[PDB]
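First up is the structure itself, then whatever we jot down about it.
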Amino acid sequence: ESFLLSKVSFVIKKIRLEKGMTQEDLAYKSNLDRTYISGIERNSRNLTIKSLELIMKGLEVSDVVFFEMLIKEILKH
Amino acid sequence: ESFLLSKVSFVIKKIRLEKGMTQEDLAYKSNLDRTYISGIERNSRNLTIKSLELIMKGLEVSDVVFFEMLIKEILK
Amino acid sequence: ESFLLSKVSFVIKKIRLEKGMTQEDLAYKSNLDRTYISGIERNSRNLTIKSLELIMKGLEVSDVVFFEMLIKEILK
Amino acid sequence: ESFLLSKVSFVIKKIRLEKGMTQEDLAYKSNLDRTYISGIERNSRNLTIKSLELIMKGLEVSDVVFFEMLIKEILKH
DNA sequence: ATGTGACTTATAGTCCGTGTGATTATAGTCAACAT
DNA sequence: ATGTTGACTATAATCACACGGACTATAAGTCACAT
């Protein structure tokens, strides 16, 4: 599938667990379905920037902070 | 509209220019539609990550450079 | 404790008595433990439907007759 | 498995739909797990009088009218 | 060249439900001794 | 006869998650016509 997606997918989960959230909490605060949060983490779904933005707000994290961890995950071995 | 969306778009336009590309050529290079691109640059589109990825390929810019730039752009 | 659970227990005891049964006999007839039965009637047990069902069979009473009674008891 | 159980589980669903509720509303209002409401209807499951009571409160229905519909369902052919 | 508009078609995102391993609270069942 | 106190062990009930189908909103991709 897509390189960037699974990275975006990975980072959303990583943060979520770092903050001791559950998918239920997250989909809560992101005002998306808990099915969608699952869908994203599970099968790296192809979300929209707007949806990503909602998730960032849900993770109680900033644009910047997210993208900084995104860059880190991309760079890894 | 969205704050992020506008700066993604701004960034896309910034890079296209710093490189000296036309929209026509960014569309060709990324195998997407020119009106599609025009839309994004006037910020009338809400890309998916996949699309963004294709535009990065077209701009010939790695994900990292794009995001390094987007961050800087984000901080006024 | 619970209102319903109390009325259920009361009903179980009521029917046992109008039939002149002992607890010992109610437990023999439904193959459950006598201390188990005791416990319900002193309202110290929160039984499951399955258990309730075994007790109805031990009381020789249909589900319907039981609930008809339980409703009436519920209404003071 | 159990005669009465599938009757109880049938009636919980009947009411739930009659009141235009979804499972996960009822799971909230009944102050029980999401998956328990499913599990009760889905298969049958052997609930407790206390849990049944919670569900009745959740269906926004009285002990009495629940049991009245229970009786009616038992009596069917 | 770029910017519209408007018009399909793919798919992102929603909504309601099923099914499941793992853990925790508690009912199910049965001792010993009471009265 | 019934009551009560511990117990052990089955299972009710919880919690975090995956997975599917069907439906709705909207992004993806392509026309025509501006400039």
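Each chain in the structure tokens gets a letter, A, B, ..., in the order shown, and its residues are numbered from 1; ligands are numbered from 1 in order too.
Near chain D, within 9 Å and using only C-alpha atoms (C1' of nucleotides), the residues of chain F are residues 12, 13, 14 and 15 of chain F.
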Produce the least-squares-superposed copy of chain B, fitted on chain C over all in-order C-alpha pairs, as an mmCIF file with C-alpha atoms, in the first residue's frame.
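Done, and the output landed in result.cif:
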```cif
data_model
loop_
_atom_site.group_PDB
_atom_site.id
_atom_site.type_symbol
_atom_site.label_atom_id
_atom_site.label_comp_id
_atom_site.auth_asym_id
_atom_site.auth_seq_id
_atom_site.Cartn_x
_atom_site.Cartn_y
_atom_site.Cartn_z
ATOM 1 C CA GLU B 1 -30.139 -4.802 47.753
ATOM 2 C CA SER B 2 -32.625 -4.707 44.853
ATOM 3 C CA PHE B 3 -36.381 -4.252 44.839
ATOM 4 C CA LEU B 4 -36.994 -6.865 42.179
ATOM 5 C CA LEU B 5 -34.642 -9.335 43.794
ATOM 6 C CA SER B 6 -36.555 -9.155 47.054
ATOM 7 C CA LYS B 7 -39.850 -9.841 45.389
ATOM 8 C CA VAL B 8 -38.527 -12.644 43.272
ATOM 9 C CA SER B 9 -37.352 -14.159 46.549
ATOM 10 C CA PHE B 10 -40.551 -13.310 48.300
ATOM 11 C CA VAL B 11 -42.476 -14.949 45.480
ATOM 12 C CA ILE B 12 -40.262 -18.051 45.565
ATOM 13 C CA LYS B 13 -40.942 -18.316 49.279
ATOM 14 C CA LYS B 14 -44.666 -17.614 48.817
ATOM 15 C CA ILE B 15 -45.132 -20.393 46.276
ATOM 16 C CA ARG B 16 -43.050 -22.874 48.260
ATOM 17 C CA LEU B 17 -45.456 -22.327 51.147
ATOM 18 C CA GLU B 18 -48.748 -22.250 49.225
ATOM 19 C CA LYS B 19 -47.638 -25.710 48.085
ATOM 20 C CA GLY B 20 -46.544 -26.891 51.523
ATOM 21 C CA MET B 21 -42.878 -27.523 50.684
ATOM 22 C CA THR B 22 -39.859 -27.293 52.901
ATOM 23 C CA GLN B 23 -36.645 -25.699 51.591
ATOM 24 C CA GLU B 24 -35.059 -29.103 51.859
ATOM 25 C CA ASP B 25 -37.660 -30.384 49.437
ATOM 26 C CA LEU B 26 -37.487 -27.414 47.067
ATOM 27 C CA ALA B 27 -33.746 -27.983 46.884
ATOM 28 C CA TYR B 28 -34.203 -31.719 46.181
ATOM 29 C CA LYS B 29 -36.888 -31.149 43.561
ATOM 30 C CA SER B 30 -34.932 -28.542 41.654
ATOM 31 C CA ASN B 31 -31.580 -30.328 42.044
ATOM 32 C CA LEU B 32 -29.965 -27.363 43.801
ATOM 33 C CA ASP B 33 -28.288 -26.839 47.186
ATOM 34 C CA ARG B 34 -30.436 -26.260 50.270
ATOM 35 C CA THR B 35 -28.188 -23.512 51.647
ATOM 36 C CA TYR B 36 -28.396 -22.047 48.158
ATOM 37 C CA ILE B 37 -32.164 -21.824 48.522
ATOM 38 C CA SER B 38 -32.047 -20.553 52.085
ATOM 39 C CA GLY B 39 -29.813 -17.805 50.802
ATOM 40 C CA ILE B 40 -32.233 -16.751 48.098
ATOM 41 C CA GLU B 41 -35.166 -16.755 50.513
ATOM 42 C CA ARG B 42 -33.391 -14.503 53.006
ATOM 43 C CA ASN B 43 -32.519 -12.733 49.720
ATOM 44 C CA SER B 44 -28.748 -13.108 49.975
ATOM 45 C CA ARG B 45 -28.557 -14.184 46.345
ATOM 46 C CA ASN B 46 -28.828 -12.541 42.982
ATOM 47 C CA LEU B 47 -30.024 -15.343 40.735
ATOM 48 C CA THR B 48 -29.437 -15.743 37.095
ATOM 49 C CA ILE B 49 -32.401 -16.490 34.894
ATOM 50 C CA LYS B 50 -31.145 -20.060 34.532
ATOM 51 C CA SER B 51 -31.253 -20.597 38.264
ATOM 52 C CA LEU B 52 -34.637 -19.011 38.529
ATOM 53 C CA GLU B 53 -35.751 -21.486 35.879
ATOM 54 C CA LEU B 54 -34.574 -24.413 37.920
ATOM 55 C CA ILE B 55 -36.421 -23.133 40.972
ATOM 56 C CA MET B 56 -39.572 -22.821 38.934
ATOM 57 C CA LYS B 57 -39.104 -26.446 37.831
ATOM 58 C CA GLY B 58 -38.670 -27.426 41.447
ATOM 59 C CA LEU B 59 -41.743 -25.496 42.544
ATOM 60 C CA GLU B 60 -43.540 -27.023 39.543
ATOM 61 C CA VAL B 61 -44.810 -23.702 38.311
ATOM 62 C CA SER B 62 -44.696 -22.490 34.774
ATOM 63 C CA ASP B 63 -42.751 -19.375 33.865
ATOM 64 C CA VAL B 64 -46.023 -17.649 33.181
ATOM 65 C CA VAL B 65 -47.599 -18.402 36.518
ATOM 66 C CA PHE B 66 -44.446 -17.296 38.255
ATOM 67 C CA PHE B 67 -44.390 -14.012 36.447
ATOM 68 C CA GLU B 68 -48.103 -13.423 36.821
ATOM 69 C CA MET B 69 -47.486 -13.804 40.550
ATOM 70 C CA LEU B 70 -44.349 -11.714 40.643
ATOM 71 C CA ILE B 71 -46.192 -8.859 38.984
ATOM 72 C CA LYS B 72 -49.017 -8.979 41.458
ATOM 73 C CA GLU B 73 -46.562 -9.128 44.309
ATOM 74 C CA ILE B 74 -44.671 -6.174 42.822
ATOM 75 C CA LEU B 75 -47.694 -3.861 43.048
ATOM 76 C CA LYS B 76 -47.736 -3.870 46.890
#
```
Write out chain D, as a CSV table (one decimal) with C-alpha atoms, in the first residue's frame, after superposing it onto chain A by least squares using every C-alpha atom paired in order.
```csv
chain,number,residue,atom,x,y,z
D,1,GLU,CA,0.1,0.0,0.3
D,2,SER,CA,1.2,3.5,1.0
D,3,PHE,CA,4.5,4.4,2.7
D,4,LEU,CA,3.4,7.5,4.6
D,5,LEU,CA,0.1,6.0,5.7
D,6,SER,CA,1.5,3.2,7.8
D,7,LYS,CA,3.8,5.9,9.3
D,8,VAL,CA,0.9,8.1,10.1
D,9,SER,CA,-1.1,5.2,11.5
D,10,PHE,CA,1.9,4.0,13.5
D,11,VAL,CA,2.3,7.5,15.1
D,12,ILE,CA,-1.4,7.9,16.0
D,13,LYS,CA,-1.2,4.6,17.9
D,14,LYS,CA,2.1,5.5,19.5
D,15,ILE,CA,0.8,8.7,20.9
D,16,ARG,CA,-2.5,7.1,21.9
D,17,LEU,CA,-0.7,4.6,24.1
D,18,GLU,CA,1.8,7.1,25.4
D,19,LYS,CA,-1.1,9.2,26.7
D,20,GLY,CA,-2.7,6.1,28.2
D,21,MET,CA,-5.7,6.5,26.0
D,22,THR,CA,-7.9,3.8,24.7
D,23,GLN,CA,-9.2,3.7,21.1
D,24,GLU,CA,-12.7,4.6,22.1
D,25,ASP,CA,-11.8,7.6,24.2
D,26,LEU,CA,-9.8,8.9,21.2
D,27,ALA,CA,-12.7,8.1,19.0
D,28,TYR,CA,-14.8,10.4,21.2
D,29,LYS,CA,-12.4,13.2,21.7
D,30,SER,CA,-11.6,13.2,17.9
D,31,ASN,CA,-15.3,13.3,17.1
D,32,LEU,CA,-15.0,10.4,14.7
D,33,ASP,CA,-16.5,6.9,14.7
D,34,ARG,CA,-15.3,4.2,17.1
D,35,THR,CA,-14.4,1.9,14.2
D,36,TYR,CA,-12.6,4.5,12.3
D,37,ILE,CA,-9.9,4.9,14.9
D,38,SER,CA,-9.6,1.1,14.9
D,39,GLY,CA,-9.5,0.9,11.2
D,40,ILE,CA,-6.8,3.6,11.0
D,41,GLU,CA,-4.5,1.8,13.3
D,42,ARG,CA,-5.6,-1.8,12.5
D,43,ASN,CA,-5.0,-1.8,8.8
D,44,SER,CA,-3.9,1.5,7.7
D,45,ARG,CA,-6.6,3.7,6.1
D,46,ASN,CA,-6.3,6.7,3.9
D,47,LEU,CA,-7.4,9.6,6.0
D,48,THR,CA,-8.0,13.2,5.1
D,49,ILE,CA,-6.0,16.1,6.5
D,50,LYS,CA,-9.2,17.3,8.2
D,51,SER,CA,-9.6,14.0,9.8
D,52,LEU,CA,-6.0,13.8,10.8
D,53,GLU,CA,-6.4,17.2,12.4
D,54,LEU,CA,-9.4,16.0,14.4
D,55,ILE,CA,-7.3,13.1,15.6
D,56,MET,CA,-4.5,15.4,16.6
D,57,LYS,CA,-6.9,17.5,18.6
D,58,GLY,CA,-8.0,14.2,20.1
D,59,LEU,CA,-4.6,13.0,21.0
D,60,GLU,CA,-4.4,16.3,22.8
D,61,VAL,CA,-1.3,17.1,20.7
D,62,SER,CA,-0.3,20.0,18.4
D,63,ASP,CA,0.1,19.8,14.6
D,64,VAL,CA,3.7,20.6,15.1
D,65,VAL,CA,4.7,17.9,17.6
D,66,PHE,CA,2.6,15.4,15.7
D,67,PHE,CA,4.6,16.1,12.5
D,68,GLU,CA,7.9,16.1,14.6
D,69,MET,CA,7.1,12.5,15.7
D,70,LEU,CA,6.0,11.7,12.2
D,71,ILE,CA,9.4,12.7,10.9
D,72,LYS,CA,11.2,10.6,13.5
D,73,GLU,CA,9.2,7.5,12.6
D,74,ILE,CA,9.9,7.9,8.9
D,75,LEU,CA,13.6,8.1,9.8
D,76,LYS,CA,13.9,4.6,11.3
D,77,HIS,CA,16.0,1.4,11.0
```
Residue list for chain E near chain C as JSON, numbers by chain, 12 Å, only C-alpha atoms (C1' of nucleotides)
{"E": [26, 27, 28, 29, 30, 31]}
Contacts of residue 21 (chain F) at 12 Å or less, counting only C-alpha atoms (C1' of nucleotides), minus same-chain residues fewer than 3 places along, as a VMD selection string?
chain E and resid 15 to 18
